[PDB]
Amino acid sequence: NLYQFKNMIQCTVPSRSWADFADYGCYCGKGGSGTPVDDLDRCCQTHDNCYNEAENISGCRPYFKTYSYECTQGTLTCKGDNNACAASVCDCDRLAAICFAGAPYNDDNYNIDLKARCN
Amino acid sequence: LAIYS
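Here it is in structure tokens:
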């Protein structure tokens, strides 16, 4: 779940508060819709798509699903005791976090006008 | 209380 996604971000990207990613580009945080403003927005776009596919698994809710993971000594791991849904979600978030750690950060792309550039 | 993605 997001609390866990939060904690994931905090362990792969220490130097940056997770908030920095809760309202960025067209896909990070807010809804979505439109061409990703950049790579960091692309990471999120791919993260939004991942959730939508997961939503296909019945009774699977990307935001509230509590999965099993762990982050130690710079390693983010999705555990084996997860059902199909939790596993999927975990991996979505996991891929995203790792994606975040490798993408640049443009401050101009933080909290841009969604309505005029993407709703 | 609120979201990333």
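If you read the protein sequences in the order shown, they are chains A and P. If you use the authors' numbering, the first sequence corresponds to residues 1 to 15, 17 to 120, in order. If you use the authors' numbering, the second sequence corresponds to residues 1 to 5, in order. C-beta atoms are modelled at their ideal positions from N, C-alpha and C, and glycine is treated no differently.
Which residue's Cα is closest to the Cα of residue 122 of chain A: A:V38, A:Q74, A:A87, A:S18?
Absent from the model: residue 122 of chain A. The displayed extent of chain A is 1 to 120, so no value can be given.
Interface partners of A:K6 on chain B, CB under 9 Å
In the structure shown, chain B cannot be found, because the protein chains are A and P.
Can you pull the chain P residues whose beta carbon is under 8 Å from the beta carbon of A:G30, in chain order?
Counted from its first residue, the first sequence places residue 30 of chain A at position 29. Going along chain P in sequence order, the residues near A:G30 (Cβ under 8 Å) are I3, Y4, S5.
contact_flag[the segment 75–93 of chain A, the segment 106–120 of chain A] where n(CB pairs < 8 Å) is 3 or more:
Using a C-beta cut-off of 8 Å, the segment 75–93 of chain A makes no contact with the segment 106–120 of chain A, since fewer than three inter-stretch Cβ pairs fall below that distance.
Pair within 7 Å by beta-carbon distance, A:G30 and A:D39:
By 1-based counting over the first sequence, the position of residue 30 of chain A is 29. By 1-based counting over the first sequence, the position of residue 39 of chain A is 38. Taking a C-beta distance under 7 Å as the contact criterion, A:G30 and A:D39 do not qualify as a contact pair.
Taking Cβ positions, are A:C93 and A:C27 nearer each other than 7 Å?
Working through the first sequence from its first residue, we reach residue 93 of chain A at position 92. Working through the first sequence from its first residue, we reach residue 27 of chain A at position 26. No, the Cβ-Cβ distance between A:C93 and A:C27 is not below 7 Å.
Where do the ends of the beta strand (DSSP E) carrying A:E71 lie?
Residue numbering aside, residue 71 of chain A sits at position 70 when the first sequence is read from its first letter. That run of the beta strand (DSSP E) goes 70–73.
Residues bridged to A:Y111 [DSSP beta-bridge criterion]
By 1-based counting over the first sequence, the position of residue 111 of chain A is 110. Looking at the DSSP output, A:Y111 bridges to A:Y25.
Terminal residues of the continuous beta strand (DSSP E) containing A:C44?
On the first sequence, residue 44 of chain A is found 43 positions in, with the first residue counted as 1. Careful: A:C44 lies outside any beta strand (DSSP E), inside the alpha helix (DSSP H) at 40–55.
Chain P partners of A:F65, CB-CB under 7 Å?
Position 64 of the first sequence holds residue 65 of chain A. Chain-ordered listing is empty here: chain P has no CB closer than 7 Å to the CB of A:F65, the nearest sitting near 12 Å.
Could you pull the DSSP bridge partners for A:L77 from this structure?
For the purposes of this step, residue 77 of chain A is taken as residue 76 along the first sequence, with counting starting at 1. A:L77 is bridged by DSSP to A:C72.
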